[PDB]
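Taking the form deposited in one PDB entry, here's one chain by itself in structure tokens.
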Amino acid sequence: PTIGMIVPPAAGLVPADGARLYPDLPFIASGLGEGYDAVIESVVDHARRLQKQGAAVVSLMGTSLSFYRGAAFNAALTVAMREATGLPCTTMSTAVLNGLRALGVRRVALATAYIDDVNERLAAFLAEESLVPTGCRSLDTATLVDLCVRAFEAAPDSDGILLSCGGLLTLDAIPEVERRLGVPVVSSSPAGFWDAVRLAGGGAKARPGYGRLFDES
């Protein structure tokens, strides 16, 4: 089944992680190219576009876009996508909750590429959904790996790490961080793929090597 992704950039490319994680799967993207009315309408518009292109399911593949306004908005936007489209729909924030929960992570450390105000909305989203945010640190693989280690060492009681940057190239850092700390890392972009592949069904597995998430069915 084709998996449709609504992507933040105007260019509307399938995010680069897809070619590494799921080379055998058909993905298509529609680029969205601030302001809840404008977000709701473009998102519904672009979901219909992917439906028209033959998507079997649709993921809103931006974490900030989907958690900035809280957990209730994420939930309601998903339903509006589904009602416009007739397809199972999801978001990168839901993908993150699903991955954290699959991995038994309740107390979560934050490693992100966001400003303060956005990191605050992230931790608020997670606590709304009854996870426990602990440490937060925010900004290549070397810098990403160090980011998460500094996130974890700032809060050693964490069950795992949320690496939140759906725009960044993160797949090399995840295994290296899990290898070094022994704790799982859920990252936005890979998690959004993992979640969208699950949603679509069929049961395909990711290429080996990209972290503990991908051993979760």
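Rigid core (definition): largest C-alpha set, two forms, superposition within 1.5 Å. Throughout, we count residues from 1 along the sequence that is shown.
Only in words, not in the display: the form deposited in another entry, which the text now covers.
Undergrad: With the two forms aligned on their rigid core, point out which item of 113, 147, 71, 97 shifts its C-alpha by 2 Å or more between the shown form and the other one.
TA: After core superposition, the one over threshold is 113.
Undergrad: Align both forms on the core first, then report whether residue 18 has a C-alpha shift of 2 Å or more between the shown form and the other one.
TA: Comparing forms between the shown form and the other one, the residue 18 CA shifts at least 2 Å.
Undergrad: With a threshold of 2 Å on the C-alpha, tell me if residue 175 counts as moved between the shown form and the other one once the core is superposed.
TA: Moves: no, less than 2 Å.
Undergrad: Following rigid core alignment, is the displacement of the residue 166 C-alpha between the shown form and the other one equal to or greater than 2 angstroms?
TA: It does shift by 2 Å or more.
Undergrad: Explain in one word, closer or farther, how the Cα atoms of residue 166 and residue 153 are placed in that other deposited form relative to this form, where the distance changes by 3 Å or more.
TA: Compared with this form, residue 166 and residue 153 lie closer in that other deposited form.
Undergrad: Using the form shown as baseline, tell whether residue 167 and residue 196 are closer or farther in Cα-Cα distance in that other deposited form, where the change reaches 3 Å or more.
TA: It is farther: the C-alpha separation of residue 167 and residue 196 rises by at least 3 Å in that other deposited form.
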